[PDB]
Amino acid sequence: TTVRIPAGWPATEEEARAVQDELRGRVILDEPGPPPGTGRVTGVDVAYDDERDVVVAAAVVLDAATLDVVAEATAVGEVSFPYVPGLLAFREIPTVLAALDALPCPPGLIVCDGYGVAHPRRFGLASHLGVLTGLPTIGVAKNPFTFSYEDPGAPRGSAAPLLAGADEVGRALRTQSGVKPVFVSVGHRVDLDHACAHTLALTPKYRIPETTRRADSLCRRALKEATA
C-alpha cells in the first residue's frame, strides 16, 4: 500500500518551482481562521528512512479543547523528489495527503512541523498542503532556518516578527517562560494572531506543540514497523 510518485509529479527543479509559483496564488492570507480550544486540531510530521527511498507520514487528530487524541493515521510512500533545499515538500506531500486521507474524520486545523509562508518562495510545506487540501494550516518550527528575529519578551505569549530580509514571514513565539521560542508561520486560511493562539493553546506544558510531539512519535514508530 506504498504511496507511489503521483502521475506527472515534477521531475526537475524548474518544474517544481513553477508549481510553487502557480499554486501560491491560491493561498488565502486574510481569513482569520478557527479559534483555539474548539473543534479538531491535527499534527502532521514525517520520518525519512536512511536505507531505502521511503518516507512515512503521520497525522494525529486532537480534540482542541482537551488535547486528547481522537484519531490517527500513517502512510508509507516513495520519496517523490530529490533532495533540493527550497523544494523539500515535493518529497513528502503525496504521502502526507495519504495519511490525512486515511483519517476517519476531518483534521480541522493542520499544524505542520515546519514552515508555511516563511519560505524562500513563500510556499513551504504548510502553505503547499493548505492549498492542495483547501484546509486551514499553519507551521510551527523548532529553529528559525535562515530568518532573523529580535528576542521576543521573556514571558510565555510574547512574540516578535520573524523576518526574511526585511519582510515579516512569521513570528518567534515564546511558548514557555524563559525558554527558547518556536517559529510560527501561516500556511493557509489562518492569520498570524490565530496561528499564535493555536500554538499557545497546544503548548501549555511543553515548548513544542502537542500535535508535533504526537505526530513525530507516530511517524517514527510507523517507519520502524515498515522497515521491519
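All residue numbers refer to positions in the sequence shown, first residue = 1.
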*asked:* Per the record, averaged over C-alpha atoms, which has the higher B-factor: 24 to 32 or 53 to 61?
replied: 24 to 32
*So which stretch wins on mean C-alpha B-factor, 140 to 148 or 88 to 96?*
140 to 148
*Among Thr38, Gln176, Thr42, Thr199, single out the one with the highest C-alpha B factor in the record, please.*
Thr38
*Which one of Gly187, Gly170, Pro181, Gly165 shows the biggest C-alpha B-factor in the PDB entry?*
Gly165
*Quick one: classify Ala16 as lowest, middle or highest third of the chain based on its Cα B-factor.*
middle
*Just say lowest, middle or highest third for the CA B-factor of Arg214 relative to the other modelled residues in its chain.*
middle
_Assigned third (lowest, middle, highest) for the C-alpha B factor of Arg221_ = lowest
*Quick one: classify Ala160 as lowest, middle or highest third of the chain based on its Cα B-factor.*
highest
*Pull the Cα B-factor of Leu125 out of the PDB entry and bin it into the chain's lowest, middle or highest third.*
lowest
